[PDB]
Amino acid sequence: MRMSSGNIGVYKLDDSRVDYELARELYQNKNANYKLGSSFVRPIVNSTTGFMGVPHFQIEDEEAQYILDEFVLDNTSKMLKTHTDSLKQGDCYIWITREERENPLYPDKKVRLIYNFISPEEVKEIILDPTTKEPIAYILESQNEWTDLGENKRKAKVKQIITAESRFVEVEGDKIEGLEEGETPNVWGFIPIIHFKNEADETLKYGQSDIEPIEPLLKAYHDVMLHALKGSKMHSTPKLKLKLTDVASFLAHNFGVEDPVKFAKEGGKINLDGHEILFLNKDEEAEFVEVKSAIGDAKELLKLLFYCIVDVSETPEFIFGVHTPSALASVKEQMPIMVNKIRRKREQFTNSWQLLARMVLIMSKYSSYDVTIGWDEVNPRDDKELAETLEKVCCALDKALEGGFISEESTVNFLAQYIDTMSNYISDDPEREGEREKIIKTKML
Amino acid sequence: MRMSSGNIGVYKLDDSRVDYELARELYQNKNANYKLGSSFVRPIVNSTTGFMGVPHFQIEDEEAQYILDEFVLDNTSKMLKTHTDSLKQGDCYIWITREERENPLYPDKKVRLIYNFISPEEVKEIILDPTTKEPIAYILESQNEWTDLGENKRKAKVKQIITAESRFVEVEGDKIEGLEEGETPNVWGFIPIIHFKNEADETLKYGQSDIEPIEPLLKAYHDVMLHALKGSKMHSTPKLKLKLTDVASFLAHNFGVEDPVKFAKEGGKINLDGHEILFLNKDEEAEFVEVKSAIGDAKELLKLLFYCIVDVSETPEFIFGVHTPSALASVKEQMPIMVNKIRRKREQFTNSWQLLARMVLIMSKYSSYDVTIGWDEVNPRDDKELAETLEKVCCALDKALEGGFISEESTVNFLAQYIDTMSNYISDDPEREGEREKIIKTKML
Amino acid sequence: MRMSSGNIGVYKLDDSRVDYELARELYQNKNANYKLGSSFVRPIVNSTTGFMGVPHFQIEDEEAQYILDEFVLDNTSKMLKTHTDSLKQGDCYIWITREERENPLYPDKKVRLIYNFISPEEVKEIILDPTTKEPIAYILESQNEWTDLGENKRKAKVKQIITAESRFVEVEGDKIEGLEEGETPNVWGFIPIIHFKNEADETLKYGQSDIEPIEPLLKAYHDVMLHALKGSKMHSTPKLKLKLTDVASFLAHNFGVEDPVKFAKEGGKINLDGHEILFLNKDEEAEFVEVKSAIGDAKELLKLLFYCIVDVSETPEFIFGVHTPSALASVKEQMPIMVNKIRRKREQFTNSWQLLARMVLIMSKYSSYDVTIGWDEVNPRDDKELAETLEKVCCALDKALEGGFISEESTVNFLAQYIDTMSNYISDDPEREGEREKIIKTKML
């Protein structure tokens, strides 16, 4: 809708948050006000996060590439879980910490970088530079209830400030052995936390969940389904109606109910086997009071709400093929829509992955720190087709000999692409198999 | 749903558990409150477990690879059962123990590593390091009722603390020969227990079952089915209605029921053959009191609940194609959805398998310990197609001769992939056939 | 459902059993309370058993391989029967015994190993080591009623205690000709009994049948079908209704029933031919009292219960193609689901088969005892396709000559696989044809 040039309020950044507990309950189908309606949350979020896969850190420096190779080999699962958490809860925070912890379970790796998650409820507040809107302090706070290895219950409320200059931690309650209260300087001059933000908007300080667009539709679906279920429970089973000359004597004789008022008060149930035969007087009548449909048009409304949910989430129909069996027959025909959705979705996180890879490289001399992110194939290419186009390129070259060296450049680049695309396995996240094969090849030769 | 920046409680870790008894009863279809509804639990969990297969331990060191080869050859079945238990009960605990005991059933194996399951109810409490959340003690407790090899019944309530420094065990009852009470030092400086955690969440101490998202839907499905069955039992069979001048005389003459009150009180049943003929005087009337539908709209509600269950579990429709025969015609078309789901599910456990392999290597010098996890083919590739693309690669090479030395690297890597993918059998979990073929080839040559 | 960290009872091993008599009656369709419903037990169990086939014992030691070859040649039928018994009854026990008894029917075999079945009801109790939960004594007991070769009936209650050190047997009643009472030491220091356990669970001492998940659904199906049959018998045939001026006079004149009360009491039947014609007064009326449907919605309920049974058992729909004719058109499209089910199921028994083969080798020096279990093809590969990929591999090699010496290692392994896969016949369980072809080839040359 339009408005005049004037008559508009002053811009202000919105610092509202996603209510992460409700988002997790909806995802896990736990919230009693959405139980029948929140069935759609899991397929949407999980299909979106599974098809988008995990990033592929590409950097021209070989040492930086080795560092990122080791990092992805250690943390591909957590990298996928980051996408899942960002899509579900709106915000996900990743804390990179370097530990020199010696323990006999890790004799190979003396020093490690840990891919720690900060739960979005731990982040009490984010202090932003007003100009650049980049963080200058993270306020983390949590309640730690833990039993000691003896018999003592322990409780400790720990809060901490993480800033570029230093990090400060203070705790009230039982002492934590692994924490040192007070300020401690930051080994690097940047905050080691990466803020992954789903559906990042310039006007919002925090991200938005994929559940938020569908949440009113989920509530409406739950309401319609619950009303339908209650109505069917009340009215689907027909009610036998007996118009009798004397009700009380009929009850006393047939069912032994000498006191029908007391019987109704105590919740007594008349027992029936289903094979009864009715003997009645001339005047007495028996009929079934029955509904044509206890649900009526609720099914159409649920269908319309399902259509609205599918529209909002932009999920391809094969993800919900049980509702629409047509989609199940042409999934490869549906794949362009999924590819478009994943193309749009991957750009939200790729800058955060650039930041994460840059921080990992800095935390461990290199000639470059900018990292380009590849991704898993949403619509995988057959190896046979790739080899076919390779053969076509090769036979097309070695002819029209005035081409020059660009033929060599094109074919060597194509082989570089081909090896990477062939080695990466379709049904496995990340390129860990590529690194494994390369390392085994280098060692065994 | 949105909320203000403030007005949020302090973060606290959730230590709730999955109620493993109910999960097993629902899986086995035993719980009386879910019998008609819990039919869906088995296909979901078992399809997800069968299609995700078992891990393939890959490590560059040949001795470590041999150790892991022997381990998988021994314990592939238990590795699959680990996935089944994690998906069903939410939590599964694997205890690795080294046994030097000699018995004549195993003369080949002087020393063995045992893949022991700790039932999730045995784990009374897990003591976590508050900072890293690394487990520092496991509180195992169980009630051991066992018959003696003689005639005596025996009973003992065994509890034990498993810690990195040592393990402490105490018993309350009939003393057990195989257990030594008191502290005994731990040969390795880590707790040799792997906590497999289905649907691991940062905010939860324990895992989540795949039954939890569908559980309210299973309960609703059971309620609808049971109400439908009871209504059909009571009302599906039409009730013959006789409007008579004198009911008691009719009963006394036709059926010999000269005391209808006593007859109804004692539960007497009038006997009919089905070929009756009704002779009535002019005033009397006979009619069937009949329902148009004793079930009404319960079938539509069950269809909707089935759709919701399929959505929540994200099961591909061909798993439940008896409901929807359309899916059964295009299973290969629907396989990519299963591939996506199995990718996402496999990423949950792979870190635990890396930990397990690392512990196994440590519990039995090696230049590397970072094991990498391969997996079974969700949608297998045909061997002929792999050979065709290999032929295409081979013919593409040896032409455009400025490609360089990387052609040999690419082709030898493809051969290494090809032999591995061919030797592994589709219809058999794990790569045990690969190891056995390699060993037989090495011995017989 | 969720629960608190506390508020849970102590873990205890469940020693309940499967009620094997009821399981066999359900399989054989004998139990009176399941006759109409237990039709589904046979196709489920028998399809699962037939498709899973029998193990293939593979060991690199040629002498051990020969021993296992002879064993499977003798006992493949009993190996399949073991799977059938385990799936049906939950438990199945195999007792390996070595017999030196000479008889003229076996002049070729001085010494034999017998594959005996212990019926699961014979096993009165299993004494388990409390720590390892391995058996240390089997309590077998049975009532032996047998006729003497003369005219005498004989009865004897024989119980025995099979332990690792010795087996003790004591018998009441008539003297058994072939049994010696009292203790006798074991020639080997292990109990030669293999406990095959279908759906083995860590919390259950004994196995559990595939009938247990479906049993309540079978009962519900039987109840619905029986109620439908009784209702149809009572009410399907319409009841002719005559509204007469004088009923008794009509009966006496037409059907000669001078005493209708005595006629009804004695169960007399009025005889009709079907071609009657009714002559009536003005006031008299005749009408058919008829039901619109004596079954009502029981057909929908039986369909829903059939769907639930198919879901629980996870059987592919082509096993029940008579219900769903769609499945009959695309069995080869359905076969991946069967392959998945059999993949999951085979892991339950493969460890037991490894134990059995280990015992057989020990009960008859060898350099290895670990046996790898192959299996029949659930979805067989065409020989022509295998040969096609063979020639593709062969032509792919011998080119790009820098591949090295691993080409021979790959192709010899491929030929070893090809010979085994070709010789094994699809429509015959086990590899007995393979062993016999090998033996005939070696003998005739």
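Residues numbered from 1 in each chain as written, not as in the entry; some residues may be left out. Chains lettered and ligands numbered in written order. Part of a larger assembly, values for the part shown. Heavy atoms only, no water. Residues with missing side-chain atoms left out of burial classes, pairs and counts.

A.B. asks: For the sheet that holds strand 9 (residues 193–197) of chain A, give the residues involved together with the corresponding values.
C.D. replies: All names here are of chain A. With antiparallel pairing, 3 strands are arranged side by side in an open sheet as 3-2-9. One side of each edge strand has no neighbouring strand; the edge strands of this open sheet are strand 3 (112–118) and strand 9. Ignoring which end each strand starts from, the neighbouring axes of this sheet average 25° apart. Strand direction decides the pairing type here: strand 2 (residues 91–99) and strand 3, joined by 7 bridges, are antiparallel. (Pairing = 2+ DSSP bridges. Helix = DSSP H or I, 4+ residues; strand = E, 2+ residues; numbered from the N terminus. Axes fitted to C-alpha atoms, helices over the stretch in contact; angles between N-to-C directions.)

A.B. asks: Run through the packing of aromatic side chains, naming residues and quoting values.
C.D. replies: Counted according to the given criterion, the structure contains 42 aromatic pairs over all chains. On the basis of an interplanar angle of 35° and a centroid distance of 6.0 Å, the ring pair of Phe40(A) and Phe306(A) is categorised as tilted. Of this pair, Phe40(A) sits in the loop between helix 1 (20–27) and helix 2 (41–52) while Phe306(A) sits in helix 7 (residues 298–313); the two residues are 266 residues apart in sequence, bridging distant segments of the chain. When sorted by exposure, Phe40(A) lands in the same class as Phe306(A), which is buried. When the centroid spacing of 5.8 Å and the interplanar angle of 65° are considered together, the rings of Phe40(C) and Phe320(C) count as edge-to-face. A residue pair is termed long-range when its members are at least 10 positions apart, and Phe40(C) in the loop between helix 1 (20–28) and helix 2 (41–52) and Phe320(C) in the loop between helix 7 (298–313) and helix 8 (331–362) qualify at 280 residues. Judged by its relative accessible area of 5%, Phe320(C) falls in the buried class. Ring pairs connect the aromatic residues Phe40(A), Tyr221(A), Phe306(A), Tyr307(A) and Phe320(A), which therefore count as one cluster. Taking NZ or CZ as reference, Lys81(B) lies 3.8 Å from the ring centre of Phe117(B), over its face. The ring of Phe51(B) carries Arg343(C) above its face, with NZ or CZ at 5.8 Å from the centroid. (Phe/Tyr/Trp six-rings, centres within 6.5 Å; stacked < 30°, edge-to-face > 60°. Buried < 20%, exposed > 50% of the residue type's maximum accessible area, 1.4 Å probe, protein only. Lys NZ or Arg CZ within 6 Å of the ring centre and 35° of its normal.)

A.B. asks: Describe in detail the pattern of salt bridges, supporting the description with residues and values.
C.D. replies: Following the criterion strictly, the structure yields 92 salt bridges over all chains and no others. Here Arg358(B) makes a salt bridge to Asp370(B), at a shortest N to O gap of 2.7 Å. Take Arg358(B): its relative accessible area is 3%, and that puts it in the buried class. Two residues, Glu199(C) and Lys345(C), come together in a salt bridge whose shortest N-O distance is 3.4 Å. Here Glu199(C) is found in the loop between strand 10 (193–197) and helix 4 (211–235), whereas its partner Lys345(C) is found in helix 8, with 146 residues between them in sequence. Given the relative accessible area of 6%, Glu199(C) is considered buried. Several salt bridges share partner residues, and in doing so they unite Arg42(A), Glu199(B), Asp210(B), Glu314(B), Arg344(B) and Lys345(B) into one network. (Salt bridge = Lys/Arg side-chain N within 4 Å of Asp/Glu carboxyl O.)

A.B. asks: Outline the side chain of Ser410(B), listing residues and values.
C.D. replies: Inspection of the secondary structure assignment puts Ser410(B) in helix 11 (residues 406–423). Not counting residues within four places of it along the chain, the set of residues in contact with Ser410(B) comprises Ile419(A) and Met422(A). (Contact = heavy atoms within 4.5 Å.)

A.B. asks: Summarise the packing of helix 1 of chain C against helix 2 of chain C; cite the residues concerned and give the values.
C.D. replies: All names here are of chain C. As a packed pair, helix 1 and helix 2 sit with axes 7 Å apart at the nearest point and diverge in direction by 100°. As summarised for this structure, helix 1 and helix 2 are arranged roughly perpendicular, according to the angle between their axes. Touching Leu 26, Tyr 27 and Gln 28 of helix 1 are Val 41, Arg 42, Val 45 and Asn 46, all from helix 2. Grouping the constituent residues of the contact of helix 1 with helix 2 by class yields 4 nonpolar, 2 polar and 1 charged. (Parallel < 35°, antiparallel > 145°, perpendicular 65-115°, else oblique. Nonpolar A, V, L, I, M, F, W, Y, C, P; charged D, E, K, R; others polar.)

A.B. asks: An account of the pairing of strand 6 (residues 135–147) of chain C is needed here, citing residue identities and associated values.
C.D. replies: Residue and element names in this part refer to chain C. Note that strand 5 (residues 123–128) and strand 6 share 5 bridges and pair antiparallel. When the sheet's bridge partners are listed, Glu 125 is paired in strand 6 with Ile 139. Hairpin connection, strand 5 to strand 6: the antiparallel pair is bridged by 6 residues, and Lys 133 has positive phi, about 60°. With 11 bridges joining them, strand 6 and strand 7 (residues 153–163) adopt antiparallel strand pairing. Each bridged residue has a counterpart across the sheet, and for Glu 145 the counterpart in strand 7 is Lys 155. The loop that links strand 6 with its antiparallel partner strand 7 comprises 5 residues.

A.B. asks: Talk me through the interface of chain B and chain A; I want residue IDs and the actual numbers.
C.D. replies: Across the contact, 126 residues belong to chain B and 134 residues belong to chain A. With 17 residues, helix 9 (residues 331–362) of chain B is the largest single contributor of residues to the side of chain B that touches chain A. The residue makeup of the side of chain B that touches chain A, split by class, is 57 nonpolar, 30 polar and 39 charged. Where strand 5 (residues 135–147) of chain A lies against strand 1 (residues 11–12) of chain B, 2 bridges are found, and the strand directions are parallel. Paired with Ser142(A) across the bridge in strand 1 of chain B is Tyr11(B).

A.B. asks: Outline the sheet that holds strand 13 (residues 285–289) of chain B, listing residues and values.
C.D. replies: Read from one edge of the open sheet, 3 strands run 11(A)-11(B)-13(B), paired in mixed fashion. In this open sheet, the two edge strands, each paired with only one partner strand, are strand 11 (277–280) of chain A together with strand 13 of chain B. Taken pair by pair, the neighbouring strands of this sheet meet at an average axis angle of 15°, ignoring direction. As paired strands, strand 11 of chain A and strand 11 (residues 239–243) of chain B are joined by 4 bridges and run parallel to one another. Each residue of the ladder has a partner; that of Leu278(A), found in strand 11 of chain B, is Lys241(B).

A.B. asks: Give a description of the side chain of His83(A) that names residues and reports values.
C.D. replies: All names here are of chain A. For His 83, the position within the fold is in helix 3 (residues 62–89). Since its relative accessible area comes to 1%, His 83 is described here as buried. A distance of 3.1 Å separates the side chain of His 83 from the backbone oxygen of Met 79, its partner in a polar contact. Ignoring sequence-local partners within four residues, the contact set of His 83 consists of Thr 49, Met 52, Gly 53, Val 54, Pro 55, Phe 349, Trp 353 and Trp 375. (Polar contact = N/O pair within 3.5 Å; in protein donor to acceptor, adjacent residues only side chain to side chain.)

A.B. asks: Give me the lowdown on the environment of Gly207(B), citing residues and values where you can.
C.D. replies: On the secondary structure map, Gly207(B) appears in the loop between strand 10 (193–197) and helix 4 (211–235). Given a relative accessible area of 0%, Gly207(B) falls into the buried group. C-alpha separation for the pair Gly207(B) and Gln89(B), spaced 118 residues apart in sequence, amounts to 8.4 Å. Sequence-distant contacts of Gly207(B), that is, excluding residues within four places in its chain, are made with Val18(B), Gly90(B), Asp91(B), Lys197(B), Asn198(B) and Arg2(C).

A.B. asks: Pulling in residues and values, what's your account of the environment of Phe279(B)?
C.D. replies: With respect to the helices and strands, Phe279(B) occurs in strand 12 (residues 277–281). In contact with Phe279(B), other than residues within four places in its own chain, are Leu242(C), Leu244(C), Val247(C), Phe250(C), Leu251(C), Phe255(C) and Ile270(C).

A.B. asks: Just give me the short version of a negative patch on the surface, but keep the residues and values in it.
C.D. replies: Where like charges cluster on the molecular surface, the negative patch consists of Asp382(A), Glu385(A), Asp382(B), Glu385(B), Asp382(C), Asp383(C) and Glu385(C). For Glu385(B), the location among the structural elements is in helix 10 (residues 383–396). For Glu385(B), a relative accessible area of 47% gives the class partly exposed. (Patch = residues over 30% accessible without salt bridge, like charges linked within 9 Å, V, L, I, M, F, W, Y side chains within 5 Å. Areas by Shrake-Rupley, 256 points an atom, 1.4 Å probe, with all protein chains shown as cover. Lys, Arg positive; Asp, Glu negative; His and termini not counted. Charge placed at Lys NZ, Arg CZ, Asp CG, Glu CD.)

A.B. asks: If you had to explain the relation of the copies chain B and chain C to someone new, which residues and values would you point to?
C.D. replies: With an axial shift of 0.0 Å and an RMSD of 0.2 Å, the rotation relating chain B to chain C amounts to 30°. A share of only 10% of interface residues in chain B that are also interface residues in chain C marks the association as one of differing surfaces. (Least-squares fit on C-alpha atoms.)

A.B. asks: Quick rundown of the relation of the copies chain B and chain A? Include the residues and the values.
C.D. replies: Between chain B and chain A, which share one sequence, the superposing operator has a rotation angle of 30° and an axial displacement of 0.0 Å; the RMSD is 0.2 Å. When the interface residues of chain B are mapped onto chain A, a mere 10% of them again lie at the interface, so each copy presents a different face.

A.B. asks: Describe the interface of chain B and chain C, naming the residues involved and giving the relevant values.
C.D. replies: With 130 residues of chain B at the contact, the number on the chain C side is 125 residues. For the side of chain B that touches chain C, the residue count by class is 55 nonpolar, 32 polar and 43 charged.

A.B. asks: Please provide a residue-by-residue account of a nonpolar patch on the surface, values included.
C.D. replies: Residues and elements named next belong to chain A. Among the surface-exposed residues, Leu 301, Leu 304 and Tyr 307 lie close enough to one another that they form a single nonpolar patch of about 300 Å² accessible area. In this fold, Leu 304 is placed in helix 7. With relative accessibility at 49%, the residue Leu 304 sits in the partly exposed group.

A.B. asks: Any chance you could break down unusual backbone geometry for me, citing the residues and the numbers?
C.D. replies: Although it is not a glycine, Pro430(A) sits at a positive phi angle of roughly 75°. As for its position among the elements, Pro430(A) is in the loop between helix 10 (406–423) and helix 11 (432–444).

A.B. asks: Pulling in residues and values, what's your account of helix 7 of chain C?
C.D. replies: Residues and elements named next belong to chain C. With 16 residues, helix 7 should cover 22 Å at 1.5 Å per step; its first-to-last C-alpha distance of 22 Å lies within 8% of that length. With respect to burial, helix 7 is a largely interior element, 13 of its 16 residues being buried. Immediately beyond the C-terminal end of helix 7, within one or two residues, lies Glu 314, with a positive phi of roughly 60°. (Expected span 1.5 Å × (residues − 1).)

By themselves these figures say nothing about function.
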